[PDB]
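Below you'll find the structure, written out as structure tokens, and then a few comments.
When reading the values below, keep in mind they use all heavy atoms of this one structure, side chains included, and skip hydrogens, waters and symmetry mates. To find a chain, count down the sequence lines: A is the first, B the second, and so on, and within it residues start at 1.
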Amino acid sequence: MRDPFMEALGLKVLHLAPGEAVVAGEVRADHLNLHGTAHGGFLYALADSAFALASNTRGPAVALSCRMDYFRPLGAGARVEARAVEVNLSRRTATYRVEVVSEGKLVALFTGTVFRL
Amino acid sequence: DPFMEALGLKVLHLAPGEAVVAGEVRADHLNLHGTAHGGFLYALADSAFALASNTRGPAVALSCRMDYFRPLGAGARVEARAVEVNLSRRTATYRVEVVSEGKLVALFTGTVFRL
Amino acid sequence: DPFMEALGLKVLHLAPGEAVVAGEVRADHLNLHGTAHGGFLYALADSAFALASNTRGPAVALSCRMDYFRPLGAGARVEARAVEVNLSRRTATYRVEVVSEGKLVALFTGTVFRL
Amino acid sequence: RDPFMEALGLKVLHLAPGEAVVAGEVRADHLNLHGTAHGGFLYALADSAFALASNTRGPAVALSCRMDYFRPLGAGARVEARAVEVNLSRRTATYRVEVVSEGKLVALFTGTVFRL
Ligand SMILES: CC(C)(COP(=O)(O)OP(=O)(O)OC[C@H]1O[C@@H](n2cnc3c(N)ncnc32)[C@H](O)[C@@H]1OP(=O)(O)O)[C@@H](O)C(=O)NCCC(=O)NCCS
Ligand SMILES: CC(C)(COP(=O)(O)OP(=O)(O)OC[C@H]1O[C@@H](n2cnc3c(N)ncnc32)[C@H](O)[C@@H]1OP(=O)(O)O)[C@@H](O)C(=O)NCCC(=O)NCCS
Ligand SMILES: [Cl-]
């Protein structure tokens, strides 16, 4: 299933399986904030995308509540990967942990819950 | 801001501890469902959050939360309104309401570390 | 509510989509540092959250966030004021401000699934 | 010693650098009006492991915490929370706290502290 925003940000789906997904991307010049580092919205979009894909392997679902914890700043050129794993699957909701990693370092931690339509 | 420009976001208001940013959901901002991508709405809220916090001095985001209430389609005009909830020497927290045509689309809560 | 009674919490106000719960930090509500335990302040906010959301019918908490701004000592009078920020057919979200002697001690944000 | 932890009957099973395990049992005084463990009790348990694990690195105070609830628990249920360090910076640290009962994840807690 094509995701226009993911493609606009240059994010690619690497792997998809029941309740899990791995999305990859690279911080580009157009993803930076005024300080020369990756904008918080880009790293979130990346993690949120892995989250969207992993959650929808279970059926139609939409983002309900998500948390993003930032640990390390990134500059242009940095290769990034977001790996989503299912921590809970219920009939009406599901929760996923998404780790954002760059060169073996945990850049950010995303926690999200979807509402299963 | 490169990312803001790429997403077509515009700063409408900036004052001590507050900021308002606006944008429009374009075809390239939709997700796999054909609705406004959660990452786009977050980027909008995060932008106002960043601007508002920076009026107090340099700061880095630590933890942010986004709660989604209503979906939006292409063409929807959206706005993020950031207000300061707490300001301390080393941290600050802001509430950012994402609204479209009088409806609360999403609620963002973010905390920064003040440098 | 057994836990509210155990913590000595009192309901000061209850209306559709809102509630105010009050309590005092006792000696058995402190953490290892001698200040109000984060779990006590959360329990207070969570209780107002639970009461406010149940005014709309049966519901179960899904996700809650607690942001701490100021510490409190034994004897502090505290209040959790919950207000509905969003209501849908199957969900509801509340903002709960935890205050003591005119200061915003913490901010709670929670969402429930409406049964 | 933590007064609130003791009031709730919580016990420290293990404490090590950046880690902690706290256990307890849901008692009659921990229930909500619906007869299940109050959300404040489960959070208090997670928060306690979080506080202990974080303070092994030096004095620290909670900034922001998230609690996701998955399964309700009744009185008598044995529960434990394990706090693991996910990130350690000079000024802050973040921990993942899994709340479990009989091998099942009852809730997930995520917390960040400010290191004094
Ligand atoms: C989570 C969610 C599905 C829960 O909704 P619900 O309780 O099951 O059902 P409701 O019918 O009460 O819908 C709630 C609101 O969303 C709207 N909505 C829901 N589905 C819609 C759709 N397919 N098209 C247009 N509007 C829709 C409702 O009209 C209502 O807005 P309103 O109060 O202004 O009328 C809903 O809050 C929602 O859509 N949240 C946004 C999710 C989102 O866009 N996430 C990011 C992208 S994945
Ligand atoms: C994280 C925190 C320390 C950052 O503070 P800061 O920006 O570096 O500095 P500030 O001078 O602006 O903060 C002053 C407040 O913190 C207090 N404080 C500072 N050092 C303290 C300490 N060692 N022990 C107890 N309180 C302390 C002040 O007394 C004042 O609190 P008050 O208004 O209730 O009297 C602050 O936001 C805070 O105290 N948060 C509360 C965390 C909390 O209580 N969490 C739950 C229990 S662990
Ligand atoms: Cl959160």
- Message: Nearest 0.5 angstrom please: A:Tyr70 OH to A:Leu109 CG, how far?
- Response: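 Nearest 0.5 Å value for the OH-CG distance: 11.5 Å.
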- Go through B:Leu44, B:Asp67, B:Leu30, B:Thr109 and name the one with the most non-hydrogen pairs under 4.5 angstrom from chain A.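 Top option by heavy-atom pairs under 4.5 Å: B:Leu30.
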Of the backbone (N, CA, C, O) and the side chain (C-beta and beyond), which part of [X] lies under 4.5 Å from a heavy atom of chain B, both, or neither?
X: A:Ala8; value: side chain
X: A:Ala108; value: neither
X: A:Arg2; value: backbone
X: A:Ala61; value: backbone

- Do B:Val99 and B:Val105 have side-chain heavy atoms sitting under 4.5 Å apart? no
[X], part contacting chain A, at a heavy-atom distance under 4.5 Å:
X: B:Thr35; value: neither
X: B:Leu7; value: side chain
X: B:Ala45; value: neither
X: B:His29; value: both

- Polar side chain donor-acceptor pair, A:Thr95 to A:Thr113, under 3.5 angstrom: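 Looking only at side-chain atoms, A:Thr113 and A:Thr95 do form a donor-acceptor pair, the distance falling under 3.5 Å.
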- Shortest non-hydrogen separation from B:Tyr42 to B:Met66 and the atoms involved: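 Taking every non-hydrogen atom into account, N-CE, 3.3 Å.
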- Message: So that I can tick it off, tell me whether B:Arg56 and B:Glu84 are bridged by a salt bridge, with the cut-off set at under 4.0 angstrom between side-chain N and carboxylate O.
- Response: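 A salt bridge is present here (some side-chain N lies under 4.0 Å from a carboxylate O).
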- Item | Salt-bridge present (A:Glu81, A:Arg83; N to O < 4.0 Å) |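 A salt bridge is absent here (no side-chain N lies under 4.0 Å from a carboxylate O).
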- Query: Does the B:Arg114 side chain pair with the main chain of B:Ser88, one donor and one acceptor, at a distance under 3.5 Å?
  - Reply: yes
